[PDB]
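This report concerns only the one structure given below.
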Amino acid sequence: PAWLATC
Amino acid sequence: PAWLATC
Amino acid sequence: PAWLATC
Amino acid sequence: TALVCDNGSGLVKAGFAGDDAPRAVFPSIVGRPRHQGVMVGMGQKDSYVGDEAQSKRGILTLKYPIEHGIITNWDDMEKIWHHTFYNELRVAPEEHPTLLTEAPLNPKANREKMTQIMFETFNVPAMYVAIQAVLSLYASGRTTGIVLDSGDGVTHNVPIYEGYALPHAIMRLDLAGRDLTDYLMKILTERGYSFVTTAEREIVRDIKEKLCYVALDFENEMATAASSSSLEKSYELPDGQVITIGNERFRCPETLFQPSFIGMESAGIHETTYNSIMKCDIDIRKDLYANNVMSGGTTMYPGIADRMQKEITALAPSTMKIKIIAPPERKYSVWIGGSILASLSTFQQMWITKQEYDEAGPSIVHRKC
Amino acid sequence: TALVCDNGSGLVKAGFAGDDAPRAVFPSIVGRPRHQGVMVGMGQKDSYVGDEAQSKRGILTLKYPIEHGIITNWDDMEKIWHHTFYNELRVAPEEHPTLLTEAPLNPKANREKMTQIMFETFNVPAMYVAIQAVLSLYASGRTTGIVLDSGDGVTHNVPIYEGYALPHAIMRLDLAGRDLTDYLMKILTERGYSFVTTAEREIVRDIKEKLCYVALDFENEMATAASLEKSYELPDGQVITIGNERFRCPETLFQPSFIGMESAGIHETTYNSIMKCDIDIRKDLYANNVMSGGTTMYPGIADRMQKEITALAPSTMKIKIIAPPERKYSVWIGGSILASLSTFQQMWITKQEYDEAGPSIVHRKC
Amino acid sequence: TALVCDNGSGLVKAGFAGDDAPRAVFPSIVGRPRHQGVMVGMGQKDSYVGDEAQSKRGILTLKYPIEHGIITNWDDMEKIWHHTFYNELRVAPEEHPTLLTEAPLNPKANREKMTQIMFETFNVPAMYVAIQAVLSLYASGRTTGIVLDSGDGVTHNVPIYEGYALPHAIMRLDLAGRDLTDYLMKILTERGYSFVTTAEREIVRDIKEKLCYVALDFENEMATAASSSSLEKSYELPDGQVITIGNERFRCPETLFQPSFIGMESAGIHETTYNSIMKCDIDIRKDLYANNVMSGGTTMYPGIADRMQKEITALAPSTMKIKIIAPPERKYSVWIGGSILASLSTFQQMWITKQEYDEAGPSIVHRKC
Amino acid sequence: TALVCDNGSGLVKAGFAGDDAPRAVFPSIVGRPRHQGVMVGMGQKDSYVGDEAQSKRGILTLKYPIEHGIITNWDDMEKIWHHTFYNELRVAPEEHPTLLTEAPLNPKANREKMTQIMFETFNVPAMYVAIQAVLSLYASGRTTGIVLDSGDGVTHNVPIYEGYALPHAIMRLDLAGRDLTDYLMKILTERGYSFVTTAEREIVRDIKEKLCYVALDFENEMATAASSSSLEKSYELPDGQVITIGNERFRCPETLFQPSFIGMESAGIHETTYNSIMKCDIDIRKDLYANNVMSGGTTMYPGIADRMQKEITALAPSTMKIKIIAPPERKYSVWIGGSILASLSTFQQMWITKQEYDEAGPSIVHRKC
Amino acid sequence: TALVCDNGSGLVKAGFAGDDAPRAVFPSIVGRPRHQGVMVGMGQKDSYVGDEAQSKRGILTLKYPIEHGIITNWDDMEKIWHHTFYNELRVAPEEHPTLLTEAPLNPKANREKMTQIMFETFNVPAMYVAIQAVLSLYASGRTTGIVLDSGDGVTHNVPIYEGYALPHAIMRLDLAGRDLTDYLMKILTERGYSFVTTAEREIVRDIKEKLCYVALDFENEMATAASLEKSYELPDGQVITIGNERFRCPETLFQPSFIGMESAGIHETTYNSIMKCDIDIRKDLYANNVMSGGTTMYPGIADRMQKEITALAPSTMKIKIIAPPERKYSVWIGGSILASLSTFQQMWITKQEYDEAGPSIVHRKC
Ligand SMILES: Nc1ncnc2c1ncn2[C@@H]1O[C@H](COP(=O)(O)OP(=O)(O)O)[C@@H](O)[C@H]1O
Ligand SMILES: Nc1ncnc2c1ncn2[C@@H]1O[C@H](COP(=O)(O)OP(=O)(O)O)[C@@H](O)[C@H]1O
Ligand SMILES: Nc1ncnc2c1ncn2[C@@H]1O[C@H](COP(=O)(O)OP(=O)(O)O)[C@@H](O)[C@H]1O
Ligand SMILES: Nc1ncnc2c1ncn2[C@@H]1O[C@H](COP(=O)(O)OP(=O)(O)O)[C@@H](O)[C@H]1O
Ligand SMILES: Nc1ncnc2c1ncn2[C@@H]1O[C@H](COP(=O)(O)OP(=O)(O)O)[C@@H](O)[C@H]1O
Ligand SMILES: [Mg+2]
Ligand SMILES: [Mg+2]
Ligand SMILES: [Mg+2]
Ligand SMILES: [Mg+2]
Ligand SMILES: [Mg+2]
């Protein structure tokens, strides 16, 4: 979620 | 009573 | 409401 | 032959395993009389239950035993199961397995007490309690999709990829078709119509499920209907009066996509599906975006099935197509899935038996199902 | 065998249970002599109760013991009950259960004193007191409808849906036949005839009972009447002619403002009685309007009430004014029904309960 | 200088913004003479309004324009506003603002037509319609509390935590002193006294206002009064006859805590305050339990605050303290709060001016109030 | 005098260098009001930030600007930095140098935008951003150990032999106390207690902080609690209710040692520490096994400090000595190490000054740290 | 007809001898389901091997059975061999002779257990385990060269003059594409992309295969990039942009200090393996530099070696880096060449030889 790509 | 419909 | 605790 | 009961919080849908339509459809209410009965030799027994307690609506106190999926009053839910097995189906439950149902993320006392009542007060030979949103995939036949169930108390997404469900990504929202009725009966007041009691909740629900539709652009529709346009709908009350609800016809199910109307902090059903997809893995997401299965009675509006496809595409990636599967016999889909699942030769070893029950107690549904 | 005594306020309609017409029908007046007798070797006892007072009417003063449903004089209501038991039905009441009656929304001293008299004076084994409109719905066989009772003191609506009465919506109005008799003998004075005393009231009542009729369109009849006359023969060879005052006398039922009553007519204490019921109940309470009592026997009302409730009820709802032709004794027919059911034998007020709790058990039961 | 007219449904309490007590306290009744006057001098008039209709009570037909908070008759409510502005306050409304009032959950036609009459007939410079249970909190000076208001019609319940009112938990009931008078004059007939007319409602109301009291334990008081005790109170009529009601003085206000006497399906005013608290958040409940403001006329019974505390302590958790506040000047509390709220320098930008009304008509009140 | 702040995703710990305890401990939440405020004449600012937003949390919509160590929103993070400098510390930032922190393996945009906001908005003379796991070794005083820092979003394993970090052997895991609070409020629903909103997430965190312990033998504890035993613990909600949780006391911090409960594929903290040790050299391992430092808030359970020593000795060589260095003041250990490192004469030339910043822009943070 | 399989640490390449390209390649992956299967029709097979495990990445926990050439888990390797025979070629192993392979300087337990499994489970009539780097020279046709094999686990140089492989001048370096992918998914963390799981390592490998290229002048490229940007689309619809981190990933092959290795690059271990030979051999070993494997398929790997070995070579020496375009399956091509020889026909290991002295016959016959 918080990143950019994954999670 | 005295509403527009019910009561 | 209708649970056990909250709601 | 097995029995497929679907205990909803507002509609009991029962029948036999192997059919294609539920044989017993009647609401889940138990009516108590609240008035002085002065006759004699009269058939006013004690308490009416089901569709019998909708004819004598003006005298009765209509109580729903199930609320938000969980069961609150266990004495009259026993009455509803007794009425369903005898007066509406006419079958002895000592000769039939029974396939029950439950919303996910429920309290664990419901499974145990439902098993204890079905095994000790009804003496079924076998029983099994499933999860609602799994069965809507059995009904569609596919085994890949994210099932959006709704209808009278519970609204929950369960993603399933290839027969493997992801329980770390299931969501559950308590915003289904009871809060829409209680919001419609409160937004009706500002026009002039004051429906208050439990007998008038049925009239508000009968308004809701045949006039209310879901808008596409809510801010465009609230400016269109603000002009004197062709949106009003006269509805004939059971005493004779007509009521013209023009503007509060799409404001009732726009609560489903903006839950701040009742003061809930949550996001709408278009965003507990996107988050429930984004909690799944990257290989799973591509053909979870393309299989959105709707279910339940609340998803039977003239709108939503092409409004979810507009709201999810606003926050999905651009090169990922969406297909909201609306199989328009979807109101009984959680029963069609139970009729399919109970009629399989692969399934018959999954039944909780009586000999398992007397050696494990009602704590065996936590390790089964 | 039980006793069904519809102890009304204009006449006493008593009889035996299980039948379909009362044995005793006679007015409830206790006439007393007012002049001085001179013939020594005669009768002339002390007082004449019933139709004997109508026979010796000119020498008498006729007192009504019941006024607007409540019993005002207990010393001769005991006389009327004694007369109806012995001299008219000829039964010792120590071997018979009795079924009394009462208008709704009454003072609760009546329910106590009637029970106290029926147990401590006549020694009834077991009694019960009903309501005049539940029995009127028992008579028609239904269990669904709204009743409208009338006759010398009370006019009340008791709506029942399925045996479940709605006791927060029982309108009571005191505008029955005695207040029409007293308006007829007041509106006849403009023509010239002056009826004053109690015998003249008993003549004006007989004028009302056969020459008066309810109009349909009141202003149309008041315009037609200025162009319809009748002729009643007084009991000494004399004729009067009432032309206009035969629909103005029962028009007070639909317009109570003629005697200064603030309340609305009987077409608006039925609509307002339905409009306090619930929206499921109104759909058939519109379509089941039972009628009972004496003052609904005009050649009018049963077509005028439909005409003036159809202008108040919503236009998509049909209205059936159920007017049985044998409706004058409908409360008694319902009482003979209600005392002939095997479900009812555990509903009486036995002598043991009266010895245990006293006459305060009548509000507890019934 | 602004004007504060708490236009109630049973009493019109108007005055000047800045004081602490209303100048004009008089009921809202318009009397039409039902009799025939024969005196060729002056002798009579056409329609008396206010306390003239209570002075000439015998020959008149007393008619309340407002029923249950909603205005039903706009012709004589204009007469009552005209009477209050001229004959009782002696001002010109073209040089004064006006702070009106309204119960929560009303039809929008009240808010529209009240603005239209105040601007197009009396020609006020500015106006603003408040809501009653906010102004009781303004009068008490708090910002945290759940306000119970009553008096001749509506009985509503508005919870406010820090100024942020929670409008999804505002219960509204119609069980106030009008419906208590119509039950007292129906339970008096059991004793023998038959009060019928509209002039004789103003005597049963005067019986209620000084003999009726709220019990503590209702089933204990109904067993105490079964013996002849000190509950009897002799009240005399306008003519010299006396009546003695012993038992029916804690059964008229018992309809508040038990609405099943009048056939209402609702629960009592303690339960629609416990439910109004339980629809709030867990942080808010702790200091809404300890701040219970009572307002309105029908809360001036003797034992009402102790009965409310006893019947909320059985519903709240035992480790949470309750404090039913009740000032002695709670009858005019809405007017005191109106005089406070109109006398703020913060508020002078919150008026609906004439210039806003000229450009969008009487529809700015929904977006401005 | 220099400033040492510890920007975590949970609490913000700040103060002056040279001390031994932070002056300012308050959570990193910014709350927005979601209800309509009608108490005109009050103080109702549009954004509450800090422990005051935890005080008035029943109205607010609480939101953490940091998720999993990285900053999602810079608008209400500048609010928290402004509140920390001004309201809670009462110092202008134009005089003092600042010392921030960062989790390892974070994106470069965090360092760049943090430098840009600290220099071009608060105008500090000098700044420096360290790594959150070196400072625990600095506070412990050792130059040898493998630091396990874990609180609210991240979990590191940074080995340092003698002042030489091994960047090919650091392990980052996103499994700290935020996911434990979410799993606790998802597993409480099985018993009956249903916590949904952010205002109830803040209650479930307070349940977790004072009732959850880490088990030693998980199967034996799950077999013990299956019998009716003394593992139950009652907790009182802020409105008055009591909740009893018997089994989910160790099931909430068992996700740290079995991350397959929340659906994570990774290995537990006992195995990532072992893999971080085995990624080092053989001469380094002999005294990396002996010095196992812990830090952060999630290492403050009554369990883990003697379950880690069991689970690493289960898979270490038998002749190797393991000693988990768990000081009791380890919650503020990162700030203690920051206050030590900022009060050094050797560190005084390691600052990123204002002159060298604008000569190279905000990209100097990648080479100077 | 003989069988030639190339059990690499990456993808298993198998097929029939005497052919030119392998029959079917697929990755050496055995995945297990890690979620709860709630269905009854399907959700089966309990473990997926090879290509279906790469198809269902989301459910499965993929796990390679070979790490740096050695075989850690023997159970799933039996699954992979059984799949590669049966489901991929549909041949009984009892009929055909099988040609295996092995990286040099492996533990001898690999050869022993490989022989034991290939005889006592598949009943192969004749096996032979070869060495990977000689098969590249057999595919190239020469007998002169130094083979820079580089697959997924291992990377090793074997110099061969004309036959007579020098076993003292052979290096081995564990720095291959798996260690490049584990560094790429750690260098992608700077831009903001976090790949954690095995199913995301299977995406980072796909990013490395088609966007990473070997730079020529590393400092000049690092100064230039501060437009080298490319865009890859993740399989859920999301795009990523990696400009700088596509020549830094294969730069670890020439600077092993990035991932913390003491060793030297492939341009330097090749030079040390050349200089460990005699003096006369270098004049042709410099001129013949064979490369193989999949990790030598970057855009510019051959040019970088040709540039950087000449920086540390004598100036009068010429270097030709033999980079065939079909070098990804060159070890299998050499196996298919070498298995179709009448000279090699006598070089097998029969079942009768294995029945004597157990599985240690490959320690003398290989
Ligand atoms: N045609 C309809 N249109 C919109 N809503 C409907 C319609 N029919 C039923 N509903 C709503 O769905 C609810 C019942 O549907 P259902 O999904 O079967 O509930 P449950 O799962 O509890 O059995 C009703 O309460 C009603 O609010
Ligand atoms: N055919 C009639 N037409 C008009 N009025 C009648 C008629 N018959 C009876 N009445 C009136 O009704 C009164 C008696 O009716 P009844 O219902 O028996 O009164 P109660 O029930 O109190 O005994 C009479 O006094 C008379 O005024
Ligand atoms: N001292 C009192 N005791 C009991 N009831 C009262 C008392 N005073 C007024 N009431 C009742 O309250 C009603 C008026 O109260 P009020 O609050 O002024 O109504 P509103 O809010 O509409 O103006 C009256 O009709 C009466 O029934
Ligand atoms: N007494 C406690 N026991 C266990 N966990 C705690 C305790 N106190 C706080 N925590 C957890 O640690 C987190 C905050 O601790 P902290 O190390 O300061 O995080 P950060 O470094 O990001 O600021 C909280 O979210 C909480 O889940
Ligand atoms: N076209 C390519 N470009 C760059 N690297 C590749 C390419 N193809 C494969 N690789 C890398 O080499 C490995 C597989 O190649 P291969 O030599 O066949 O392995 P093995 O020798 O174990 O069979 C993969 O892990 C991948 O990282
Ligand atoms: Mg359902
Ligand atoms: Mg009668
Ligand atoms: Mg008021
Ligand atoms: Mg920290
Ligand atoms: Mg290879």
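We number each residue from 1, going along the chain as drawn.
Every residue, even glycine, has its Cβ placed from backbone N, Cα and C.
Of the candidates F:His35, F:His68, F:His156, Swiss-Prot records tele-methylhistidine for F:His68; the remaining residues carry no such annotation there, which does not rule it out for them. Contacts of F:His68 (tele-methylhistidine) defined by a Cβ separation under 8 A and a same-chain sequence distance of 6+ are given as F:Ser9, F:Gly153, F:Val154, F:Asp174, in order along the sequence. Cβ environment of F:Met42 (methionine (R)-sulfoxide): no same-chain residue six or more positions apart lies under 8 Å away. In this structure, the C-alpha atom of F:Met39 (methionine (R)-sulfoxide) lies 26 angstrom from that of F:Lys79 (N6-methyllysine). Within the set of modified residues (F:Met39, F:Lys79), the lowest number of other Cβ atoms found within 10 Å of a Cβ is recorded at F:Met39. Note: F:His68, taken in sequence order from the modified residues F:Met39, F:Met42, F:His68, F:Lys79, have a C-beta within a distance under 8 Å of a chain B C-beta.
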